[PDB]
Amino acid sequence: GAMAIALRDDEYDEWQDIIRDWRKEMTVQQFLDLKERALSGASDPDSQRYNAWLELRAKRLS
């Protein structure tokens, strides 16, 4: 066991939701790495795209 996920309720939804977007199961660690770099001001294509994904999400209401 151990190394259990400690993501918040909102974060859990975000990770599962990102998976839904890629329709493929991804790890939480990877998600943290992606946001970490993006939020850290990364220029990588995945970073700007990630920020956009948040923007698209903002557009997508219940």
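Residue numbers (the authors' numbering): 945 to 1006.
All C-beta atoms, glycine included, are put in the ideal place defined by N, C-alpha and C.
- The three-state secondary structure of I949, taken from DSSP, is coil.
- If you check the CB distance, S991 and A982 come in under 8 Å.
- A buried status is given to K979, since no fewer than 16 other beta-carbon atoms sit within 10 Å of its beta-carbon.
- In the three-state reduction of the DSSP assignment, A982 falls in the helix class, which pools H, G and I.
- Under a 10 Å Cβ-count criterion, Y956 is classified as exposed, with fewer than 16 other Cβ atoms of the shown protein chains found around its own Cβ.
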